[PDB]
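Visitor: Please find coords.pdb (PDB, C-alpha atoms (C1' of nucleotides)) on the next line:
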```
ATOM      1  CA  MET A   1      74.097 176.285  87.195
ATOM      2  CA  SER A   2      72.926 174.353  84.109
ATOM      3  CA  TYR A   3      69.756 173.286  82.260
ATOM      4  CA  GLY A   4      69.874 169.747  83.692
ATOM      5  CA  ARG A   5      66.345 168.791  82.603
ATOM      6  CA  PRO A   6      64.194 171.823  81.619
ATOM      7  CA  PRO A   7      60.545 170.650  81.234
ATOM      8  CA  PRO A   8      58.928 172.228  78.127
ATOM      9  CA  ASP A   9      55.287 172.028  76.963
ATOM     10  CA  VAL A  10      55.954 170.835  73.377
ATOM     11  CA  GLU A  11      52.564 169.056  73.419
ATOM     12  CA  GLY A  12      50.714 172.402  73.286
ATOM     13  CA  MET A  13      53.163 174.866  71.682
ATOM     14  CA  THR A  14      54.635 175.791  68.273
ATOM     15  CA  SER A  15      58.019 174.096  68.962
ATOM     16  CA  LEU A  16      60.012 176.064  66.365
ATOM     17  CA  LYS A  17      63.523 174.837  65.473
ATOM     18  CA  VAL A  18      66.657 176.713  64.358
ATOM     19  CA  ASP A  19      70.057 175.597  63.004
ATOM     20  CA  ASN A  20      72.960 176.589  60.673
ATOM     21  CA  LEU A  21      75.355 177.886  63.372
ATOM     22  CA  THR A  22      78.367 179.483  61.688
ATOM     23  CA  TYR A  23      81.969 178.416  62.485
ATOM     24  CA  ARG A  24      82.014 181.241  65.095
ATOM     25  CA  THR A  25      78.574 180.986  66.767
ATOM     26  CA  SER A  26      77.349 179.386  70.032
ATOM     27  CA  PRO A  27      74.017 178.622  71.804
ATOM     28  CA  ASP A  28      74.437 181.637  74.102
ATOM     29  CA  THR A  29      74.492 183.858  71.016
ATOM     30  CA  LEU A  30      71.663 181.912  69.379
ATOM     31  CA  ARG A  31      69.654 182.729  72.529
ATOM     32  CA  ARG A  32      70.234 186.482  72.814
ATOM     33  CA  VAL A  33      69.792 186.723  69.027
ATOM     34  CA  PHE A  34      66.465 184.838  68.840
ATOM     35  CA  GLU A  35      65.125 185.972  72.249
ATOM     36  CA  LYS A  36      64.513 189.516  70.940
ATOM     37  CA  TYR A  37      61.770 188.214  68.616
ATOM     38  CA  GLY A  38      59.783 187.102  71.686
ATOM     39  CA  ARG A  39      60.769 184.070  73.771
ATOM     40  CA  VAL A  40      62.593 180.743  73.622
ATOM     41  CA  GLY A  41      61.659 177.527  75.446
ATOM     42  CA  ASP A  42      65.047 175.905  74.893
ATOM     43  CA  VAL A  43      68.419 176.571  73.241
ATOM     44  CA  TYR A  44      70.636 173.524  73.311
ATOM     45  CA  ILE A  45      73.207 171.544  71.317
ATOM     46  CA  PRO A  46      73.551 167.740  70.980
ATOM     47  CA  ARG A  47      77.371 168.150  70.737
ATOM     48  CA  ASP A  48      77.612 164.343  70.290
ATOM     49  CA  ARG A  49      77.380 164.484  74.117
ATOM     50  CA  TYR A  50      81.089 163.468  74.381
ATOM     51  CA  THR A  51      82.840 164.319  71.060
ATOM     52  CA  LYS A  52      81.462 167.821  70.209
ATOM     53  CA  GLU A  53      83.028 167.466  66.731
ATOM     54  CA  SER A  54      79.734 168.432  65.032
ATOM     55  CA  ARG A  55      78.405 171.687  66.614
ATOM     56  CA  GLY A  56      77.376 172.809  63.088
ATOM     57  CA  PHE A  57      73.986 173.755  64.580
ATOM     58  CA  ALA A  58      72.159 174.583  67.821
ATOM     59  CA  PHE A  59      68.595 173.274  68.085
ATOM     60  CA  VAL A  60      66.768 176.314  69.491
ATOM     61  CA  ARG A  61      63.080 175.904  70.335
ATOM     62  CA  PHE A  62      60.145 178.377  70.484
ATOM     63  CA  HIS A  63      56.571 178.249  71.796
ATOM     64  CA  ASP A  64      54.816 181.385  70.510
ATOM     65  CA  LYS A  65      53.553 180.828  66.956
ATOM     66  CA  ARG A  66      53.580 184.542  66.063
ATOM     67  CA  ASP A  67      57.141 184.992  67.372
ATOM     68  CA  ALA A  68      58.328 181.745  65.753
ATOM     69  CA  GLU A  69      57.029 182.557  62.265
ATOM     70  CA  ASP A  70      58.362 186.123  62.607
ATOM     71  CA  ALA A  71      61.918 185.091  63.574
ATOM     72  CA  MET A  72      61.768 182.648  60.652
ATOM     73  CA  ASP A  73      60.362 185.234  58.230
ATOM     74  CA  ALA A  74      62.979 187.748  59.456
ATOM     75  CA  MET A  75      66.226 185.771  59.826
ATOM     76  CA  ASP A  76      66.195 182.507  57.856
ATOM     77  CA  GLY A  77      68.135 182.737  54.592
ATOM     78  CA  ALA A  78      69.758 186.034  55.703
ATOM     79  CA  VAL A  79      73.090 184.404  54.825
ATOM     80  CA  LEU A  80      76.163 186.067  53.292
ATOM     81  CA  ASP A  81      78.968 183.455  53.413
ATOM     82  CA  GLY A  82      77.220 180.170  52.489
ATOM     83  CA  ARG A  83      75.505 179.522  55.858
ATOM     84  CA  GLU A  84      74.075 181.915  58.446
ATOM     85  CA  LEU A  85      70.556 180.731  59.414
ATOM     86  CA  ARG A  86      68.019 177.958  58.897
ATOM     87  CA  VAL A  87      64.805 178.094  60.947
ATOM     88  CA  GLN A  88      61.502 176.235  60.562
ATOM     89  CA  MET A  89      58.983 174.233  62.602
ATOM     90  CA  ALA A  90      59.983 171.023  64.398
ATOM     91  CA  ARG A  91      58.350 167.710  63.363
ATOM     92  CA  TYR A  92      60.574 165.468  65.489
ATOM     93  CA  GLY A  93      60.677 165.025  69.289
ATOM     94  CA  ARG A  94      63.181 164.547  72.126
ATOM     95  CA  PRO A  95      65.448 161.463  71.989
ATOM     96  CA  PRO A  96      64.557 158.455  74.186
ATOM     97  CA  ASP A  97      68.176 157.270  73.848
ATOM     98  CA  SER A  98      71.029 157.906  71.381
ATOM     99  CA  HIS A  99      74.058 157.936  73.693
ATOM    100  CA  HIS A 100      74.075 154.519  75.444
ATOM    101  CA  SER A 101      73.670 150.785  74.718
TER     102      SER A 101
ATOM    103  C1'   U B   1      72.246 166.452  61.112
ATOM    104  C1'   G B   2      66.316 168.580  63.232
ATOM    105  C1'   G B   3      68.137 168.048  70.411
ATOM    106  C1'   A B   4      72.957 162.865  73.328
ATOM    107  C1'   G B   5      69.593 167.251  79.044
ATOM    108  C1'   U B   6      69.779 164.422  84.736
TER     109        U B   6
END
```
Represent the structure contained in this file as structure tokens.

Guide:
Amino acid sequence: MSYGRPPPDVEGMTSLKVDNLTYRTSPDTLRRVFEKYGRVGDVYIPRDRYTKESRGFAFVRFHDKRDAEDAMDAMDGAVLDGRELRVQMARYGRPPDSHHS
RNA sequence: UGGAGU
């Protein structure tokens, strides 16, 4: 079982974004950790789709404004080693293509 | 480096 192609509603929701995954974090943790604030519409990683050498972040996505600004006002900048969280609103949309030619 | 999904 996998995401495949989860259809969001980004055209009518807050579409929050989160990043700054530590050298020991994963999207499954980023989900259980940000799900407690309310809900998450997606939690996914570009992982260069075939090289995964980046993984320095995991683009999580929210829909509730009140739960998106709260998770941001309650976890971003809560760092203690040089990088723990970075969360703010998205202003950029899904890729049409970045992995083929 | 703010997303490369069948």

Visitor: Apply the PyMOL selection byres ((chain B) within 6 of (chain A)) to the structure shown and report the selected residues as an NGL selection string.

Guide: :B and (3-6)

Visitor: Looking at A:41, A:20, A:15, A:9, which one is nearest to residue 1 (chain B), with distances taken over all atoms listed in the file?

Guide: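 Distance minimum relative to residue 1 (chain B) lands on A:20.
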
Visitor: Could you write out as a PyMOL selection string the residues that the PyMOL selection byres ((chain A and resi 67-83) around 10) matches in the shown file?

Guide: chain A and resi 14-23+33-40+61-66+84-89

Visitor: Grab the CA of residue 31 (chain A) to CA of residue 13 (chain A) distance for me, in Å with one decimal place.

Guide: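 Going from CA of residue 31 (chain A) over to CA of residue 13 (chain A), I get 18.3 Å.
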
Visitor: Taking all atoms of region 1-4 of chain B that the file lists, what box with edges along x, y and z, padded by 6 Å per side, do you get, with centre and edge lengths in Å to one decimal, as lines of an AutoDock Vina configuration file?

Guide:
```
center_x = 69.6
center_y = 165.7
center_z = 67.2
size_x = 18.6
size_y = 17.7
size_z = 24.2
```

Visitor: Starting from the structure just given, write a file holding region 13-61 of chain A with N, CA and C atoms, as a CSV table (one decimal), in the first residue's frame.

Guide:
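Wrote it out as result-v5.csv, contents follow:
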```
chain,number,residue,atom,x,y,z
A,13,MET,N,-7.7,25.3,0.3
A,13,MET,CA,-7.1,25.0,1.7
A,13,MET,C,-5.8,25.8,1.9
A,14,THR,N,-5.4,25.8,3.2
A,14,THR,CA,-4.3,26.6,3.7
A,14,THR,C,-2.9,26.1,3.1
A,15,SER,N,-2.8,24.8,2.7
A,15,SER,CA,-1.6,24.3,2.1
A,15,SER,C,-0.3,24.7,2.8
A,16,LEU,N,-0.2,24.4,4.1
A,16,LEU,CA,1.0,24.6,4.9
A,16,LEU,C,2.1,23.8,4.3
A,17,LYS,N,3.4,24.1,4.6
A,17,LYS,CA,4.5,23.4,4.2
A,17,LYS,C,5.5,23.3,5.4
A,18,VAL,N,6.2,22.1,5.6
A,18,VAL,CA,7.2,22.0,6.6
A,18,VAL,C,8.4,21.3,6.0
A,19,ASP,N,9.6,21.6,6.6
A,19,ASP,CA,10.9,21.1,6.2
A,19,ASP,C,11.9,21.0,7.4
A,20,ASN,N,13.2,20.9,7.1
A,20,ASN,CA,14.3,20.9,8.0
A,20,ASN,C,14.5,19.6,8.8
A,21,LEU,N,14.1,18.5,8.1
A,21,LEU,CA,14.3,17.1,8.7
A,21,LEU,C,15.7,16.9,9.1
A,22,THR,N,15.9,16.5,10.4
A,22,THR,CA,17.2,16.2,10.9
A,22,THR,C,17.8,15.0,10.3
A,23,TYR,N,19.1,14.8,10.5
A,23,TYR,CA,19.8,13.6,9.9
A,23,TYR,C,19.3,12.3,10.4
A,24,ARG,N,18.2,12.3,11.2
A,24,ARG,CA,17.7,11.1,11.8
A,24,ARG,C,16.2,11.0,11.8
A,25,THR,N,15.6,11.8,10.9
A,25,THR,CA,14.1,12.0,10.8
A,25,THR,C,13.6,11.4,9.5
A,26,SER,N,12.3,11.1,9.4
A,26,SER,CA,11.7,10.5,8.3
A,26,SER,C,10.2,11.1,8.1
A,27,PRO,N,9.5,10.8,7.0
A,27,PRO,CA,8.2,11.4,6.8
A,27,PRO,C,7.2,10.7,7.7
A,28,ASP,N,7.4,9.5,8.1
A,28,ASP,CA,6.5,8.8,9.0
A,28,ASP,C,6.5,9.5,10.4
A,29,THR,N,7.7,10.0,10.8
A,29,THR,CA,7.8,10.7,12.0
A,29,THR,C,7.2,12.1,11.8
A,30,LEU,N,7.5,12.7,10.7
A,30,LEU,CA,7.0,14.1,10.4
A,30,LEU,C,5.4,14.0,10.4
A,31,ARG,N,4.8,12.9,10.2
A,31,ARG,CA,3.4,12.7,10.1
A,31,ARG,C,2.8,12.6,11.5
A,32,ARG,N,3.3,11.7,12.3
A,32,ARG,CA,2.8,11.5,13.7
A,32,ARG,C,3.1,12.7,14.5
A,33,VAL,N,4.1,13.4,14.2
A,33,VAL,CA,4.6,14.6,15.0
A,33,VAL,C,3.7,15.8,14.7
A,34,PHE,N,3.3,16.0,13.4
A,34,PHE,CA,2.5,17.1,13.0
A,34,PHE,C,1.0,16.8,12.9
A,35,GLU,N,0.6,15.5,13.0
A,35,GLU,CA,-0.8,15.1,13.0
A,35,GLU,C,-1.5,15.5,14.3
A,36,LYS,N,-0.7,15.6,15.4
A,36,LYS,CA,-1.3,15.8,16.7
A,36,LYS,C,-1.9,17.3,16.8
A,37,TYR,N,-1.4,18.2,16.0
A,37,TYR,CA,-1.8,19.6,15.9
A,37,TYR,C,-3.2,19.7,15.2
A,38,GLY,N,-3.6,18.7,14.4
A,38,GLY,CA,-4.9,18.7,13.8
A,38,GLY,C,-5.0,17.6,12.7
A,39,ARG,N,-4.6,18.0,11.5
A,39,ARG,CA,-4.6,17.0,10.4
A,39,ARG,C,-3.6,17.4,9.3
A,40,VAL,N,-3.3,16.5,8.4
A,40,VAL,CA,-2.3,16.6,7.4
A,40,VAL,C,-2.9,16.1,6.1
A,41,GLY,N,-2.7,16.8,5.0
A,41,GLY,CA,-3.3,16.4,3.7
A,41,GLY,C,-2.3,15.6,2.9
A,42,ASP,N,-1.0,15.8,3.2
A,42,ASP,CA,0.1,15.1,2.6
A,42,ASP,C,1.3,15.2,3.4
A,43,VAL,N,2.2,14.2,3.3
A,43,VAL,CA,3.5,14.1,4.0
A,43,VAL,C,4.4,13.2,3.1
A,44,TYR,N,5.2,13.9,2.3
A,44,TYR,CA,5.9,13.3,1.2
A,44,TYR,C,7.3,13.9,1.0
A,45,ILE,N,8.2,13.2,0.3
A,45,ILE,CA,9.6,13.6,0.1
A,45,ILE,C,9.9,13.4,-1.4
A,46,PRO,N,10.6,14.4,-2.0
A,46,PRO,CA,10.9,14.3,-3.4
A,46,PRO,C,12.0,13.3,-3.6
A,47,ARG,N,12.9,13.1,-2.6
A,47,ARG,CA,14.0,12.1,-2.6
A,47,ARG,C,14.7,11.9,-4.0
A,48,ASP,N,14.8,13.0,-4.8
A,48,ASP,CA,15.3,13.0,-6.1
A,48,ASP,C,14.7,11.9,-7.0
A,49,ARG,N,13.6,11.3,-6.5
A,49,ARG,CA,12.9,10.2,-7.1
A,49,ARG,C,13.7,8.9,-7.5
A,50,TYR,N,15.1,9.0,-7.6
A,50,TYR,CA,15.9,7.9,-7.9
A,50,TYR,C,17.3,8.0,-7.3
A,51,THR,N,17.6,9.0,-6.5
A,51,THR,CA,19.0,9.2,-6.0
A,51,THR,C,18.9,9.3,-4.5
A,52,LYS,N,17.8,9.8,-3.9
A,52,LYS,CA,17.5,10.0,-2.5
A,52,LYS,C,18.7,10.6,-1.7
A,53,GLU,N,19.7,11.2,-2.4
A,53,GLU,CA,20.9,11.8,-1.7
A,53,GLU,C,20.6,13.1,-0.9
A,54,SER,N,19.4,13.7,-1.2
A,54,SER,CA,19.0,14.9,-0.5
A,54,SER,C,18.4,14.6,0.9
A,55,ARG,N,17.1,14.2,0.9
A,55,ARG,CA,16.3,13.9,2.0
A,55,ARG,C,16.4,14.9,3.2
A,56,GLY,N,17.0,16.1,3.0
A,56,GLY,CA,17.2,17.0,4.1
A,56,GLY,C,15.9,17.7,4.5
A,57,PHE,N,14.8,17.3,3.9
A,57,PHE,CA,13.5,17.8,4.3
A,57,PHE,C,12.4,16.8,3.9
A,58,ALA,N,11.2,17.1,4.3
A,58,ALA,CA,10.0,16.3,4.0
A,58,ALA,C,8.8,17.3,3.9
A,59,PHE,N,8.4,17.6,2.6
A,59,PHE,CA,7.4,18.6,2.4
A,59,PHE,C,6.1,18.0,2.9
A,60,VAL,N,5.7,18.4,4.1
A,60,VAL,CA,4.4,18.0,4.7
A,60,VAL,C,3.4,19.1,4.3
A,61,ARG,N,2.1,18.8,4.3
A,61,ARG,CA,1.1,19.8,3.8
A,61,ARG,C,-0.1,19.7,4.7
```
